[PDB]
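The numbers here are math on the coordinates, done by the rules we state, and not lab data. Cβ sites come from the backbone with ideal geometry, for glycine too, and all protein chains shown count toward neighbours.
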Amino acid sequence: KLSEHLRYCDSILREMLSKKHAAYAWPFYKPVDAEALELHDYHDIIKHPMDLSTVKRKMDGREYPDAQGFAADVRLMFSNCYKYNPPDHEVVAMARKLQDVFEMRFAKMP
Ligand code: NA
């Protein structure tokens, strides 16, 4: 079983992965494939990649000991995006919209 807090976190993940947010969430569904995206320096710049599929695997694997660890990975995902891309990239705007969802939902955890 997941703790109470982590059951709430699981719901946030479900929401982030849901159709309602897909127009901006889709770049975060799978790990960045540096070769396929021709971003060949990606792993020189980003030392700790993260994406929502990995968060889902970790959740299912009961790897998070608390809600704070879940939040850390999700914030890492957005931060990687802000760090790597120019601030006017369309993907940064998509990250921001999805982060607005995440931060609001996380803060509203009972
Ligand atoms: Na609350």
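When restricted to Cα atoms, segment 58-110 yields an Rg and a Dmax of 12.6, 36 Å, respectively.
Which whole-angstrom value gives the distance between the alpha carbon centres of segment 1-69 and segment 74-89? With segment 1-69 and segment 74-89 each reduced to a Cα centre, they are spaced 13 Å. Of the listed pairs 19/83; 83/108; 56/97; 20/108; 19/56; 47/108, which have alpha-carbon separations greater than 25 Å here? Pairs exceeding 25 Å: 19/83; 83/108; 47/108. Of 42, 64, the sequence from fewest to most neighbouring Cβ atoms within 10 angstrom is 42, 64. A Förster distance of 35 Å, applied to the separation of the beta-carbon atoms of residue 19 and residue 72, puts the FRET efficiency at 0.85. Label sites at residue 103 and residue 83, each approximated as a point 7 angstrom past Cα along Cα to Cβ, lie 1.9 nm apart. Shape analysis of the chain yields a ratio of the Cα radius of gyration to the Kirkwood radius, Rg/Rh, of 0.96.
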